[PDB]
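File shown here: run.tsv, holding TSV, C-alpha atoms.
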chain	number	residue	atom	x	y	z
X	3	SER	CA	50.27	21.40	-106.17
X	4	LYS	CA	52.10	24.73	-106.80
X	5	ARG	CA	50.63	26.93	-109.54
X	6	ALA	CA	52.35	29.14	-112.13
X	7	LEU	CA	51.01	31.94	-114.35
X	8	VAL	CA	53.02	32.45	-117.59
X	9	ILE	CA	51.93	35.60	-119.42
X	10	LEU	CA	52.20	35.16	-123.20
X	11	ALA	CA	52.18	38.32	-125.33
X	12	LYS	CA	52.54	38.75	-129.10
X	13	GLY	CA	56.24	38.81	-129.92
X	14	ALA	CA	57.23	36.76	-126.85
X	15	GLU	CA	60.41	34.69	-127.20
X	16	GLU	CA	59.00	31.15	-127.85
X	17	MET	CA	62.02	29.33	-126.31
X	18	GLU	CA	61.86	31.50	-123.18
X	19	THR	CA	58.13	30.70	-122.95
X	20	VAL	CA	58.16	26.96	-123.72
X	21	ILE	CA	61.24	25.94	-121.70
X	22	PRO	CA	59.86	27.24	-118.38
X	23	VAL	CA	56.35	25.94	-119.11
X	24	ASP	CA	57.63	22.45	-119.95
X	25	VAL	CA	60.17	22.23	-117.11
X	26	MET	CA	57.61	23.49	-114.56
X	27	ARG	CA	55.04	20.94	-115.75
X	28	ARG	CA	57.70	18.19	-115.45
X	29	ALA	CA	58.03	19.31	-111.81
X	30	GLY	CA	54.29	18.84	-111.21
X	31	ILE	CA	53.51	22.57	-111.14
X	32	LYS	CA	50.09	23.41	-112.57
X	33	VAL	CA	50.99	25.99	-115.23
X	34	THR	CA	48.49	28.32	-116.95
X	35	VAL	CA	49.80	29.78	-120.21
X	36	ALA	CA	47.69	32.99	-120.27
X	37	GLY	CA	47.38	35.02	-123.45
X	38	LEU	CA	47.84	38.73	-122.75
X	39	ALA	CA	45.40	39.77	-125.49
X	40	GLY	CA	42.96	36.91	-125.06
X	41	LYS	CA	42.60	33.23	-125.69
X	42	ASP	CA	43.57	33.23	-129.37
X	43	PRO	CA	46.90	31.83	-130.67
X	44	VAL	CA	49.95	34.03	-130.13
X	45	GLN	CA	52.58	34.71	-132.79
X	46	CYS	CA	55.97	34.64	-131.09
X	47	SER	CA	59.22	36.42	-131.99
X	48	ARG	CA	60.36	33.78	-134.50
X	49	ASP	CA	56.83	33.09	-135.76
X	50	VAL	CA	56.10	29.98	-133.69
X	51	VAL	CA	52.39	30.16	-132.87
X	52	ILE	CA	51.49	28.93	-129.36
X	53	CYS	CA	47.84	28.32	-128.33
X	54	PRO	CA	47.28	29.77	-124.79
X	55	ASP	CA	45.39	27.74	-122.15
X	56	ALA	CA	43.28	30.77	-121.26
X	57	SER	CA	43.01	34.49	-121.67
X	58	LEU	CA	44.82	36.54	-119.04
X	59	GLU	CA	41.41	37.98	-118.11
X	60	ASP	CA	40.17	34.52	-117.12
X	61	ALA	CA	43.52	33.38	-115.67
X	62	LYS	CA	43.30	36.41	-113.29
X	63	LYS	CA	40.01	35.07	-111.82
X	64	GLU	CA	41.82	31.83	-110.91
X	65	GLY	CA	44.61	33.38	-108.83
X	66	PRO	CA	46.60	33.58	-106.79
X	67	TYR	CA	49.63	31.90	-108.30
X	68	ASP	CA	52.84	30.85	-106.61
X	69	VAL	CA	54.86	32.37	-109.45
X	70	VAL	CA	54.17	34.83	-112.26
X	71	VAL	CA	56.57	34.26	-115.17
X	72	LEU	CA	57.48	36.88	-117.80
X	73	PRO	CA	59.25	35.60	-120.95
X	74	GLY	CA	61.32	37.97	-123.06
X	75	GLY	CA	61.25	38.89	-126.72
X	76	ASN	CA	61.60	42.55	-127.71
X	77	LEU	CA	57.97	43.01	-128.76
X	78	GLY	CA	56.67	40.60	-126.11
X	79	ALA	CA	58.36	42.51	-123.30
X	80	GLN	CA	57.15	45.81	-124.78
X	81	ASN	CA	53.58	44.44	-124.81
X	82	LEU	CA	53.90	43.23	-121.20
X	83	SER	CA	55.30	46.66	-120.24
X	84	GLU	CA	52.36	48.49	-121.83
X	85	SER	CA	49.63	46.39	-120.17
X	86	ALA	CA	47.66	47.81	-117.24
X	87	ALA	CA	46.48	44.25	-116.48
X	88	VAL	CA	50.08	43.07	-116.13
X	89	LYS	CA	50.80	46.02	-113.82
X	90	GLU	CA	47.97	44.96	-111.48
X	91	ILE	CA	49.00	41.30	-111.46
X	92	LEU	CA	52.64	42.11	-110.66
X	93	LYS	CA	51.70	44.61	-107.97
X	94	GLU	CA	49.34	42.11	-106.34
X	95	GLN	CA	51.97	39.38	-106.54
X	96	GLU	CA	54.58	41.65	-104.99
X	97	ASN	CA	52.17	42.72	-102.24
X	98	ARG	CA	51.23	39.11	-101.32
X	99	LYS	CA	54.94	38.12	-101.16
X	100	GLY	CA	54.72	35.84	-104.20
X	101	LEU	CA	57.51	34.97	-106.59
X	102	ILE	CA	57.95	36.91	-109.85
X	103	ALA	CA	60.32	35.51	-112.48
X	104	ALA	CA	61.43	37.24	-115.69
X	105	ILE	CA	64.03	36.35	-118.34
X	106	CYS	CA	66.11	38.17	-121.01
X	107	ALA	CA	64.13	41.32	-121.93
X	108	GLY	CA	61.27	40.29	-119.63
X	109	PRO	CA	62.71	42.11	-116.59
X	110	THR	CA	62.22	45.45	-118.37
X	111	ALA	CA	58.49	44.94	-117.72
X	112	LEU	CA	59.31	45.02	-113.99
X	113	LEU	CA	60.87	48.45	-114.56
X	114	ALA	CA	57.83	49.59	-116.57
X	115	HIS	CA	55.45	48.59	-113.77
X	116	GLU	CA	57.70	49.79	-110.90
X	117	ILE	CA	58.11	46.25	-109.53
X	118	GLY	CA	60.83	45.27	-107.07
X	119	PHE	CA	62.85	48.48	-107.11
X	120	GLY	CA	66.14	48.09	-105.25
X	121	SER	CA	66.47	44.41	-106.13
X	122	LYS	CA	69.55	42.86	-107.60
X	123	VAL	CA	68.60	41.78	-111.13
X	124	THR	CA	70.07	40.46	-114.33
X	125	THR	CA	68.83	40.81	-117.91
X	126	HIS	CA	70.09	40.02	-121.35
X	127	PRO	CA	73.25	42.10	-121.94
X	128	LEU	CA	71.40	44.09	-124.65
X	129	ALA	CA	68.60	44.99	-122.19
X	130	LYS	CA	70.93	46.25	-119.44
X	131	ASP	CA	70.80	49.92	-120.42
X	132	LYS	CA	66.99	49.88	-120.61
X	133	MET	CA	66.66	48.08	-117.25
X	134	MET	CA	69.16	50.38	-115.50
X	135	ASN	CA	67.72	53.68	-116.79
X	136	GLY	CA	66.83	55.61	-113.66
X	137	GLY	CA	69.03	53.45	-111.44
X	138	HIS	CA	66.12	51.55	-109.86
X	139	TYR	CA	67.96	48.20	-109.50
X	140	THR	CA	71.43	46.85	-108.82
X	141	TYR	CA	72.77	44.99	-111.87
X	142	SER	CA	74.18	41.47	-111.89
X	143	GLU	CA	76.01	39.32	-114.47
X	144	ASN	CA	74.90	36.02	-112.93
X	145	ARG	CA	73.15	33.65	-115.32
X	146	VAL	CA	70.28	33.46	-112.82
X	147	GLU	CA	69.79	36.05	-110.07
X	148	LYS	CA	67.38	35.51	-107.20
X	149	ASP	CA	66.95	38.45	-104.81
X	150	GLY	CA	64.21	37.41	-102.44
X	151	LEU	CA	61.01	37.12	-104.48
X	152	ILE	CA	62.45	38.66	-107.68
X	153	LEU	CA	64.05	36.02	-109.91
X	154	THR	CA	65.70	37.08	-113.18
X	155	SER	CA	67.80	35.49	-115.90
X	156	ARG	CA	69.59	36.41	-119.10
X	157	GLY	CA	68.65	34.62	-122.32
X	158	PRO	CA	67.50	31.52	-124.18
X	159	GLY	CA	70.66	29.73	-123.10
X	160	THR	CA	69.90	30.35	-119.41
X	161	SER	CA	66.24	29.26	-119.73
X	162	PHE	CA	66.87	25.75	-118.32
X	163	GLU	CA	68.67	27.22	-115.35
X	164	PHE	CA	65.95	29.89	-114.95
X	165	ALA	CA	63.20	27.25	-115.01
X	166	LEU	CA	64.98	24.94	-112.56
X	167	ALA	CA	65.47	27.91	-110.19
X	168	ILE	CA	61.70	28.43	-110.24
X	169	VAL	CA	61.16	24.73	-109.57
X	170	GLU	CA	63.68	24.85	-106.68
X	171	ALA	CA	61.98	27.91	-105.19
X	172	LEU	CA	58.48	26.37	-105.35
X	173	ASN	CA	59.12	22.66	-104.88
X	174	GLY	CA	62.63	22.37	-103.38
X	175	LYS	CA	66.09	21.19	-104.56
X	176	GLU	CA	65.09	17.48	-104.59
X	177	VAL	CA	62.26	18.01	-107.12
X	178	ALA	CA	64.47	20.29	-109.21
X	179	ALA	CA	67.17	17.56	-109.24
X	180	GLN	CA	64.61	14.94	-110.33
X	181	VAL	CA	63.46	17.15	-113.22
X	182	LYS	CA	67.02	18.06	-114.21
X	183	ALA	CA	68.26	14.45	-114.38
X	184	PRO	CA	66.93	13.37	-117.82
X	185	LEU	CA	67.31	16.77	-119.51
X	186	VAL	CA	70.92	15.99	-120.60
X	187	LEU	CA	71.87	19.52	-119.41
X	188	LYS	CA	75.54	20.60	-119.76

Mind turning the file's structure into structure tokens?
Amino acid sequence: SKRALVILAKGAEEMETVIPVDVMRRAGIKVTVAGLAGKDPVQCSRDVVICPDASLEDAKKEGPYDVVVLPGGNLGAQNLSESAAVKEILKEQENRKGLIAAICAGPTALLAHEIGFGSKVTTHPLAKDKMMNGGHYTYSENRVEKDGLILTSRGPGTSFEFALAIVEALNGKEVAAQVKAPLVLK
């Protein structure tokens, strides 16, 4: 079975966390929701409190993962950007040629950790200036952008499409089509 690491920081966008976790699990991916600060419950951007499966410290010992997923949220992305542990995970994932996926403000943590420079990326429109400061990426307006092993997307309303792109990358179009079918997607 493919395995996914979702890094959950205080202030993360709950929808951008839960949609990919749920859709990936529907696809048969073994997902670890790893709390950046530890194993305790995490208060998200709109005050939903999600209980992580494990601390990031322990989730690290169980690598490697086929994808590392970064939700958005202003404070969540800031917390991911400030974490030396996140830096190491993303650098290792990049060096082993593993997929990294980030949505909305989440891609600004790639900039903070110097991940995937020169890739074509998208972000939320409001995060574009932050992502593009320094000119380290090429910007895209696509709802989901996949440039090799860097997969980015724009907002809560692209989370289904972001999650199915991860499923397609790990498990193929057929499995993604199976998962999509009962979602009543537009």

**Request:** Find the residue from X:152, X:117, X:33, X:129 that sits nearest to residue 4 in chain X; use all atoms listed in the file when measuring.
**Result:** X:33

**Proximity to residue 79 in chain X - best of X:182, X:62, X:188, X:12, only C-alpha atoms** = X:12

Per residue of range 95-177 of chain X within 8 Å of range 13-31 of chain X, which atom pair is closest and at what distance in Å (one decimal), using only C-alpha atoms, listed by chain and increasing number, as a Markdown table?
| residue | atom | partner | partner_atom | distance |
| --- | --- | --- | --- | --- |
| X:105 | CA | X:18 | CA | 7.2 |
| X:157 | CA | X:18 | CA | 7.5 |
| X:158 | CA | X:18 | CA | 5.7 |
| X:161 | CA | X:18 | CA | 6.0 |
| X:162 | CA | X:21 | CA | 6.6 |
| X:164 | CA | X:22 | CA | 7.5 |
| X:165 | CA | X:22 | CA | 4.7 |
| X:166 | CA | X:25 | CA | 7.2 |
| X:168 | CA | X:26 | CA | 7.7 |
| X:169 | CA | X:26 | CA | 6.2 |
| X:173 | CA | X:29 | CA | 7.8 |
| X:177 | CA | X:29 | CA | 6.4 |

**Asked** Which of these, X:40, X:100, X:118, X:75, has the shortest distance to residue 172 in chain X once you count all atoms listed in the file?
**Response** X:100

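You can rank X:104, X:113, X:128, X:183 by their closest distance to residue 147 in chain X using all atoms listed in the file, and at the top of that list sits X:104.
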
**Prompt:** Pick from X:134, X:179, X:71, X:106: nearest to residue 160 in chain X, with all atoms listed in the file counted?
**Reply:** X:106

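Using all atoms listed in the file for every distance, the candidate list X:159, X:174, X:109, X:74 yields X:109 as the residue closest to residue 125 in chain X.
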
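Here CA of residue 114 in chain X and CA of residue 170 in chain X stand 27.3 Å from one another.
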
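As for CA of residue 57 in chain X and CA of residue 43 in chain X, they are spaced 10.2 Å apart.
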
**Message:** I'd like the interatomic distance between CA of residue 144 in chain X and CA of residue 187 in chain X, to a tenth of an Å.
**Reply:** 18.0 Å
